[PDB]
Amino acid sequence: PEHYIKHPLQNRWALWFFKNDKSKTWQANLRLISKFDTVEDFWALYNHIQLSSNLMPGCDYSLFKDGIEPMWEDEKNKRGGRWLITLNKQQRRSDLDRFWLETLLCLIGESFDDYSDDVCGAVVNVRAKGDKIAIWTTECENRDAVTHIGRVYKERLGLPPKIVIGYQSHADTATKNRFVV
C-alpha cells in the first residue's frame, strides 16, 4: 500500500496570505489560500506559490493548524506568543527562504516531540525594514513547552549559539521578551 497512498500528516494545515492594502482593515487583508493534510499535497502547494523572498513588501504567509486563524484573537492564540526571528535586509537573500521552509517542515513534521501540540502555526512577514519569521504557540505561561520549542527551533534553523532569539506574548505585542534561548 506504500505504493499508491499519499502520506497523511499528523495535522491538516491551512496556508494564508496577507497583502497590505491601506483601503482595508487588517483582518480584511488576510485570506485563506488552501488547505492540505498529506506530504504530497504540501509540496504541490509549496511548488506552486511564490518564494517569500519574491513577495512584495507588506505581504505575509501564515501556516496554521486547521481551525486556528493566524491572528491574536483566535481562542488558541489569545494566551500564547511567538518565537521571533528577525532578519536584516541582507538575510532576505541569504536565509529568508531556507528559514521559512525549515519552519514549514518543523510544523508539518511535528518536530517538537510532546510539545508539538502547543504549536499553532508560523508566520513570515516580508517587510522593507526587515523581515520576520515566527512560530506561534498556544500558551505563553507553559515555560516547559515554550523554551523547548524555542531550543529545538533555533537548532533546526542552524543559528549560532552566539545569537539569542526571544519569545513574546501576543498580549504584549498587541498593546519585551518573556523567554530567550
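Don't overthink the numbering: it's just position in the shown sequence, from 1. We call the rigid core whatever largest set of C-alpha positions still superposes within 1.5 Å between the two forms.
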Exercise. Using RMS Cα distance over all structures and residues, flag whichever of 24-32 and 58-66 lies farther from this form in 9 other deposited structures of this protein after a core fit.
Key: 24-32
Quiz item: Core fit done; bigger CA RMS in 9 other deposited structures of this protein for 74-82 or for 88-96?
Solution: 88-96
Exercise. Please figure out whether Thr175 and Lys176 are truly consecutive in the deposited sequence or have unmodelled residues between them, and give none, 1 to 3, 4 to 9, or 10 or more.
Key: 4 to 9
Exercise. Would you mind comparing 121-129 and 148-156 for me and telling me which has the higher average C-alpha temperature factor in the entry?
Key: 148-156
Exercise. Would you tell me which stretch averages the higher CA B-factor in the PDB entry, 74-82 or 99-107?
Key: 74-82
Quiz item: Of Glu141, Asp66, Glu40, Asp60, which one's C-alpha B factor is largest in the deposited record?
Solution: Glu141
Quiz item: Compared with the other modelled residues in the chain, in which third is the CA B-factor of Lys24?
Solution: middle
Quiz item: How does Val164 rank on Cα B-factor within its chain, lowest, middle or highest third?
Solution: highest
Quiz item: How does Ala171 rank on Cα B-factor within its chain, lowest, middle or highest third?
Solution: highest
Self-check item: Ranked against its chain, the third holding the CA B-factor of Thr137
Solution: middle
Exercise. Ordered by C-alpha B-factor within the chain, which third holds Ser116? Give me lowest, middle or highest, please.
Key: highest
